[PDB]
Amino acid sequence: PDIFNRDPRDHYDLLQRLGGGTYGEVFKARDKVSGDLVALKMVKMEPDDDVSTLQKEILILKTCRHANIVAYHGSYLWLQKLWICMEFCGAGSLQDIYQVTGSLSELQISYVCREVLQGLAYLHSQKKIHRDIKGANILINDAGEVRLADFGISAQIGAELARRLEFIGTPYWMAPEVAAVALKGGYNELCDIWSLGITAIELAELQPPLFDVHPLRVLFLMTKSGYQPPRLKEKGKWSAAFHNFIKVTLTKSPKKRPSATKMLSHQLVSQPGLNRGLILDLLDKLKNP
């Protein structure tokens, strides 16, 4: 792992803020001599966080090398601040893109979905769960390539971890099975596949299904026994293969829902002519209308 106990503002000039909230800030940063653009995730560290196991996640991040997951370059630890230096994806998220470009073509969506599934197939074989597949978290570089973020080690510490404890409340009276669920949730690996199903509709239609309907109402509808999963609005615009991809990804029963590996042999995503050219056309549409 080797977290360098040094100020990263010495080594990179922070150009521009990209986003943040609970986890911390993410900046666009230039490598001072070499001119390489990176993403610096500044994480707020707090005194009761273990530095020993923190390095073991960073060791997993270093030894990991999958193409559809954002690359880890290195760690700095200056004044109660972990800085995770990462790959920069210069076009932003697909949300940032679609809000300017409008809806993606079926081919563009098919390529995105294949690249996400390759990322999800890798994370699940490493016993991890993404937990948050949406348009806003699928990043696009200038080459038209597709990258997932990784909120793995950032979830285990800091202000996002303190947020997850604050709603849970004092744990001292809580039973073991209640505490088990308070850590995990209902999140297993296959919920990412559902979430991709919703994402593909989002990219298709500029919104996930029920986005105009109250969050609670949606939660109750989802849980009630005869909940029909969502579908694409405009049947004729999309091919049968896209409809089937949405049907099978949005299987209600987790036991019966296909895994990332199973999904990569689906017609929509195994078809030829799916490559980054499709996204270069999209990024061109962002510049030239």
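Just so we're on the same page, rigid core means the largest C-alpha set that superposes within 1.5 Å between forms. Residue numbers run from 1 along the displayed sequence.
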Rigid core superposition result in 5 other deposited structures of this protein, more deviant of 83 to 91, 104 to 112 by Cα: 83 to 91
Outlying stretch relative to shown form, 41 to 49 versus 255 to 263 in 5 other deposited structures of this protein, C-alpha RMS (core): 41 to 49
Mean temperature factor over C-alpha atoms, higher-scoring stretch between 215 to 223 and 104 to 112: 215 to 223
Stretch with the higher entry mean CA B-factor, where the candidates are 131 to 139 and 157 to 165: 157 to 165
C-alpha B-factor winner, where the candidates are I58, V70, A240, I246: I58
Criterion, highest CA B-factor; candidates, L250, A29, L264, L54: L54
Entry-reported Cα temperature factor of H11, expressed as the chain third it lands in: highest
Relative C-alpha B-factor of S195, binned into the chain's lowest, middle or highest third: lowest
Ranked C-alpha temperature factor of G277 among modelled chain residues, by third: lowest
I97 - which third its CA temperature factor falls in, relative to the rest of the chain: lowest
Chain-wide C-alpha B factor ranking for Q118, given as lowest, middle or highest third: lowest
